[PDB]
Amino acid sequence: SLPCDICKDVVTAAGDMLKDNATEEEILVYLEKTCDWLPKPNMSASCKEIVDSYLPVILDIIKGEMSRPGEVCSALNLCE
Ligand SMILES: CCCCCCCCCCCC[N+](C)(C)[O-]
Ligand SMILES: CCCCCCCCCCCC[N+](C)(C)[O-]
Ligand SMILES: CCCCCCCCCCCC[N+](C)(C)[O-]
Ligand SMILES: CCCCCCCCCCCC[N+](C)(C)[O-]
Ligand SMILES: CCCCCCCCCCCC[N+](C)(C)[O-]
Ligand SMILES: CCCCCCCCCCCC[N+](C)(C)[O-]
Ligand SMILES: CCCCCCCCCCCC[N+](C)(C)[O-]
Ligand SMILES: CCCCCCCCCCCC[N+](C)(C)[O-]
Ligand SMILES: CCCCCCCCCCCC[N+](C)(C)[O-]
Ligand SMILES: CCCCCCCCCCCC[N+](C)(C)[O-]
Ligand SMILES: CCCCCCCCCCCC[N+](C)(C)[O-]
Ligand SMILES: CCCCCCCCCCCC[N+](C)(C)[O-]
Ligand SMILES: CCCCCCCCCCCC[N+](C)(C)[O-]
Ligand SMILES: CCCCCCCCCCCC[N+](C)(C)[O-]
Ligand SMILES: CCCCCCCCCCCC[N+](C)(C)[O-]
Ligand SMILES: CCCCCCCCCCCC[N+](C)(C)[O-]
Ligand SMILES: CCCCCCCCCCCC[N+](C)(C)[O-]
Ligand SMILES: CCCCCCCCCCCC[N+](C)(C)[O-]
Ligand SMILES: CCCCCCCCCCCC[N+](C)(C)[O-]
Ligand SMILES: CCCCCCCCCCCC[N+](C)(C)[O-]
Ligand SMILES: CCCCCCCCCCCC[N+](C)(C)[O-]
Ligand SMILES: CCCCCCCCCCCC[N+](C)(C)[O-]
Ligand SMILES: CCCCCCCCCCCC[N+](C)(C)[O-]
Ligand SMILES: CCCCCCCCCCCC[N+](C)(C)[O-]
Ligand SMILES: CCCCCCCCCCCC[N+](C)(C)[O-]
Ligand SMILES: CCCCCCCCCCCC[N+](C)(C)[O-]
Ligand SMILES: CCCCCCCCCCCC[N+](C)(C)[O-]
Ligand SMILES: CCCCCCCCCCCC[N+](C)(C)[O-]
């Protein structure tokens, strides 16, 4: 179906963007800068340690999901 082909191309494009070797680094810097809203030195440092540890964990989950564009698109009722 057209909505299915479109949905699967969009999820593919998302997955390719996330596979890009500079994407995770860009996100990491952005989230570490956010931690700088916290007092220093200790709270901001603890926040950066949680980001550094968990961002690649969360990224991996998303990328895994984008690797199955049919499944994603079925969950949205766009592929059947
Ligand atoms: C995850 C990206 C989704 C892009 C696919 C676009 C959704 C197609 C819209 C289908 C529903 C339109 N409607 C209401 C007339 O059925
Ligand atoms: C009337 C405009 C012609 C095409 C309109 C529908 C195209 C939806 C955009 C597809 C998404 C592009 N993509 C997959 C590279 O991200
Ligand atoms: C119902 C309209 C279908 C459009 C689905 C949404 C497409 C995601 C847009 C990403 C931008 C990609 N691009 C090349 C079209 O710019
Ligand atoms: C489920 C689809 C959610 C993604 C929506 C975001 C679309 C990003 C494309 C932005 C492009 C806009 N513009 C004017 C710069 O072309
Ligand atoms: C579950 C997927 C929803 C994410 C929708 C956002 C589309 C990201 C694709 C961006 C591709 C870059 N591009 C073609 C606009 O230059
Ligand atoms: C949401 C799943 C992961 C993909 C996130 C999609 C949003 C990014 C689309 C913005 C396009 C990026 N760019 C190069 C124009 O800055
Ligand atoms: C379902 C998760 C997708 C949500 C993230 C989509 C956000 C796309 C934002 C791109 C904005 C592009 N620009 C240059 C016009 O700002
Ligand atoms: C769903 C997890 C968060 C997705 C947010 C990713 C947005 C990245 C901004 C565009 C940068 C990607 N790239 C390839 C141009 O470097
Ligand atoms: C997995 C958590 C995702 C939410 C984080 C949003 C990512 C923002 C990355 C955009 C980087 C901004 N910029 C333009 C300086 O590249
Ligand atoms: C738990 C998911 C991550 C939530 C991320 C919230 C970040 C939004 C705050 C904007 C940060 C902007 N800046 C320029 C300081 O990097
Ligand atoms: C650990 C992943 C989440 C990254 C975002 C960090 C949250 C700190 C933002 C709270 C802002 C602090 N304050 C006092 C300026 O509001
Ligand atoms: C899980 C926590 C994610 C939320 C992080 C966003 C914090 C928003 C507070 C922004 C306030 C920053 N400032 C400098 C304007 O005070
Ligand atoms: C876990 C979901 C929470 C993610 C959303 C948190 C974003 C907070 C952004 C507030 C930014 C405030 N300000 C004015 C500095 O931009
Ligand atoms: C050393 C600074 C003293 C308190 C620092 C920790 C407070 C965290 C901020 C709580 C969130 C505020 N709230 C719940 C209204 O959003
Ligand atoms: C580990 C540090 C604990 C901070 C948790 C994040 C608090 C969310 C910030 C929302 C902004 C609320 N307020 C009043 C503090 O600005
Ligand atoms: C949903 C908002 C969450 C705000 C709560 C802040 C998280 C507290 C950090 C506990 C973990 C610190 N650590 C790694 C030293 O255990
Ligand atoms: C302001 C820093 C809090 C980051 C927001 C994301 C939710 C907090 C999760 C912290 C997890 C800590 N731990 C080790 C108990 O998993
Ligand atoms: C920027 C990402 C923010 C950190 C997200 C923290 C996730 C902690 C999940 C703890 C769940 C432990 N579990 C699954 C055994 O219950
Ligand atoms: C929009 C991002 C949603 C990510 C949802 C995935 C759940 C996080 C998995 C928990 C982390 C695993 N663990 C137990 C090692 O902490
Ligand atoms: C703030 C990013 C979202 C991550 C939070 C996800 C909650 C993880 C704890 C429940 C996971 C249970 N289980 C068995 C599916 O791993
Ligand atoms: C593209 C923006 C975020 C959407 C992708 C997030 C994946 C959702 C995965 C939740 C269930 C996955 N799991 C743990 C059962 O494998
Ligand atoms: C759970 C999905 C997280 C939402 C992702 C937010 C993407 C913000 C797009 C910022 C990139 C736009 N630009 C051109 C300034 O880089
Ligand atoms: C905006 C995109 C919507 C994301 C929808 C995520 C669908 C999750 C499918 C759950 C299937 C579980 N598993 C482990 C087989 O992937
Ligand atoms: C784009 C926003 C995220 C909404 C996508 C959630 C997927 C819904 C389809 C699976 C739901 C299954 N169930 C039984 C829990 O309803
Ligand atoms: C933008 C947030 C989208 C996240 C929604 C995730 C949908 C998961 C569908 C429920 C199915 C449960 N499970 C474990 C089979 O994945
Ligand atoms: C701004 C919100 C975007 C629309 C989100 C669309 C969610 C559709 C979920 C369909 C799932 C139907 N279901 C659960 C029976 O499979
Ligand atoms: C970050 C937002 C995550 C929302 C996840 C909740 C799943 C969406 C529920 C599906 C909508 C129900 N239904 C079948 C009436 O479409
Ligand atoms: C560009 C419009 C698409 C919105 C992005 C959110 C996912 C599409 C879900 C459309 C759901 C349509 N329907 C009626 C089949 O549920």
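Residues take their numbers from the sequence shown, with the count starting at 1.
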query = Is it the case that one hydrophobic cluster holds both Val10 and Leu2, taking links as side-chain heavy atoms less than 4.5 Å apart, direct or via other members?
reply = yes
Pairwise side-chain contact, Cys4 with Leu78, heavy-atom cut-off 4.5 Å (strictly under) = no
request  = Report the C-alpha distance between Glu65 and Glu71 in whole Å, list the side-chain angles of each, state the deciding distance to 0.1 Å, and finish with yes or no for side-chain contact (heavy atoms from CB on, under 4.5 Å).
outcome  = CA-CA 8 Å; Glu65 192 63 40; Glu71 187 175 82; 2.4 Å; yes
ask   = Hey, what do you get for OG (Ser1) to CD (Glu80), rounding to the nearest 0.5 Å?
value = 7.0 Å
ask   = According to a 4.5 Å side-chain heavy-atom criterion applied to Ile, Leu, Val, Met, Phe, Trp and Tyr, with indirect links allowed, do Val72 and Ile6 form part of one hydrophobic cluster?
value = no
task = Of all the heavy-atom pairs spanning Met66 and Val11, show the shortest one and how long it is.
result = O-CG1, 3.6 Å
task = Could you grab the distance from atom CG of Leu31 to atom CD1 of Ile50, nearest 0.5 Å is fine?
result = 12.0 Å
task = Would you check if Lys48 and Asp36 make a side-chain contact, meaning some heavy-atom pair closer than 4.5 Å?
result = yes
Rounded distance (nearest 0.5 Å) linking atom OG of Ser44 with atom CH2 of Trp37 = 14.0 Å
ask   = What distance separates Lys63 NZ from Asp16 CG, expressed to the nearest 0.5 Å?
value = 11.5 Å
request  = Kindly say whether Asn42 contributes a backbone atom to a donor-acceptor pair with the side chain of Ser46 at under 3.5 angstrom?
outcome  = no
ask   = Could you give the distance from CG (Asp9) to SG (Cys73), rounded to the nearest 0.5 Å?
value = 9.0 Å
query = Are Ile58 and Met17 connected in the hydrophobic side-chain network, where two residues link if heavy atoms are under 4.5 Å apart?
reply = yes
query = Is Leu55 linked to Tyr30 within one hydrophobic cluster, defined over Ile, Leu, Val, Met, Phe, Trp and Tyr using a side-chain heavy-atom separation of less than 4.5 Å?
reply = yes
Side chain proximity check, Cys79 to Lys8, heavy atoms < 4.5 angstrom = yes
task = Would you check, one step at a time, whether the test side-chain contact (heavy atoms from CB on, under 4.5 Å) holds for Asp52 with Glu32?
result = CA-CA 8 Å; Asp52 293 349; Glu32 295 188 350; 2.4 Å; yes
task = Check the hydrophobic clustering (I, L, V, M, F, W, Y; side-chain heavy atoms under 4.5 Å; chains of links allowed) and say if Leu28 and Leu59 are grouped together.
result = yes
task = Could you grab the distance from atom SG of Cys47 to atom NZ of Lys40, nearest 0.5 Å is fine?
result = 10.5 Å
